[PDB]
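One structure is given below, encoded as structure tokens.
Below, all heavy atoms of this structure are taken into account, side chains as well, without hydrogens, waters or symmetry copies. In what follows, every chain begins at residue 1, and chains take the letters A, B, ... in the order their sequences are listed.
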Amino acid sequence: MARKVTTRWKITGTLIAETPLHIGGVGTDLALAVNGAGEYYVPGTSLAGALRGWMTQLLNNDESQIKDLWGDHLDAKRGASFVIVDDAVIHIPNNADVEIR
RNA sequence: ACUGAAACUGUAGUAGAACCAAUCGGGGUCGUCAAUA
């Protein structure tokens, strides 16, 4: 068998930049994260850590509740995350481009 | 004198912390000008 899933939830919507955003990539702070197409994107690793980071502050660092959602490589009962966070291409609106602060 | 079979290199990890695009500056005011014959 696979991992036993009772219900799979597809959880979708539009995240809007309420301030500007910078997610950095390898290649001073003028390199923004780009996917393989060279489009600016949010890496799912960076979005997951934002979401996981918030829940960690919410749950007073109750590690068990966090690892029950986000997974754990160490605990023999846990392993893979039950949240999947996909990569998301950023749609910069028309007549706009990356700015430099 | 007879091919082993079957097995996801995966699992967890926010490219980030810090840094004022800033410092100085009255939109002001008076003596000529020209070189020959």
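Atom pair A:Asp87:CG and B:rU14:P shows a separation of 15 Å (rounding to whole Å applied). As a whole-Å value, the separation of A:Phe82 CZ from B:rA12 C1' is 14 Å. Between A:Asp29 atom CG and B:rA18 atom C1' the separation is 11 Å, expressed in whole Å. Per the geometry, CD1 belonging to A:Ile100 stands 15 Å off P belonging to B:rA21, to the nearest Å. Separating the CG atom of A:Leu15 from the P atom of B:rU14 is a distance of 18 Å, rounded to the nearest angstrom. In this structure, the CD atom of A:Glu63 is 15 Å from the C1' atom of B:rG13, given to the nearest Å. Counting to the nearest Å, the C1' atom of B:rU14 and the CD1 atom of A:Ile66 are 14 Å from each other. Here the P atom of nucleotide B:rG13 and the CZ atom of A:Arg78 are 13 Å apart, to the nearest Å.
Without both a ring-centre distance below 5.5 Å and an interplanar angle below 30°, B:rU32 is not stacked on B:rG31. Both conditions, centre separation below 5.5 angstrom and plane angle below 30 degrees, hold for the six-membered rings of B:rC33 and B:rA34. With a 5.5 Å centre cut-off and a 30° plane cut-off, the bases of B:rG13 and B:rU14 come out unstacked.
When heavy atoms are screened at a 4.0 angstrom cut-off, A:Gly24 is found touching the sugar-phosphate backbone but no base atom. Base contact: A:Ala50 has a heavy atom under 4.0 Å from a base atom. Note on A:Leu74: nothing from the nucleic acid sits closer than 4.0 angstrom, heavy atoms only.
The pentose of B:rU32 belongs to the north class of puckers. Its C1'-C2'-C3'-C4' angle has a positive sign. Nucleotide B:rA12 carries a north sugar pucker, as its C1'-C2'-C3'-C4' torsion angle is positive. With its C1'-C2'-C3'-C4' torsion above zero, B:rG28 shows a north sugar pucker. South is the pucker assigned to the sugar of B:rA21, its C1'-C2'-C3'-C4' torsion being negative. With respect to the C1'-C2'-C3'-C4' torsion, B:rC33 shows a north sugar, the value lying on the positive side.
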**OP:** Decide yes or no on side chain to side chain contact (heavy atoms under 4.5 Å, CB included) for A:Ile92 and A:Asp97, but give the supporting numbers first.
**Re:** CA-CA 7 Å; A:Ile92 299 179; A:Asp97 308 272; 5.8 Å; no
**OP:** Evaluate the criterion side chain to side chain contact (heavy atoms under 4.5 Å, CB included) for residue pair A:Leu47 and A:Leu15; output intermediate values, then yes/no.
**Re:** CA-CA 11 Å; A:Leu47 180 60; A:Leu15 292 173; 4.2 Å; yes
**OP:** Report the C-alpha separation of A:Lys67 and A:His73 in whole Å, then their side-chain angles, then the decisive distance to 0.1 Å, and conclude whether the side chain to side chain contact (heavy atoms under 4.5 Å, CB included) test is met.
**Re:** CA-CA 9 Å; A:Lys67 292 173 169 199; A:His73 67 301; over 6 Å; no
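In B:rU14 the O4'-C1'-N dihedral to the base is within 90° of 0, which defines a syn nucleotide. Taking 90° from 0 as the syn/anti boundary, the base of B:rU9 is oriented syn. Base orientation at B:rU32 is syn, since its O4'-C1' glycosidic dihedral falls within 90° of 0. A glycosidic torsion no more than 90° from 0 defines the syn conformation, and B:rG26 adopts it.
Between A:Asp29 and A:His22, the closest heavy-atom pair is O-CE1, 3.1 Å. Contact between A:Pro20 and A:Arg101 at its shortest, heavy atoms only, is CG-NH2, 3.4 Å.
B:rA21 and B:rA17 are spaced 15 Å apart, taking the P atom of each and rounding to whole Å. Between the P atoms of B:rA5 and B:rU9, the separation comes to 16 Å (whole Å). Only the P atoms considered, B:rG26 is 16 Å distant from B:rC30, to the nearest whole Å.
OP1 or OP2 of B:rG13 has at least one side-chain nitrogen or oxygen of A:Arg52 nearer than 4.0 Å.
Between A:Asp87 and A:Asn35 the shortest side-chain heavy-atom distance does not fall below 4.5 Å. Using a 4.5 Å cut-off on side-chain heavy atoms (C-beta onward), A:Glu63 and A:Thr56 make no contact.
Of the candidates B:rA12, B:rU14, B:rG16, the closest approach to any side-chain atom of A:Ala80 belongs to B:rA12. Closest approach to the A:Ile23 side chain among B:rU11, B:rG16, B:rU14 is made by B:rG16 (side chain taken as heavy atoms from C-beta onward).
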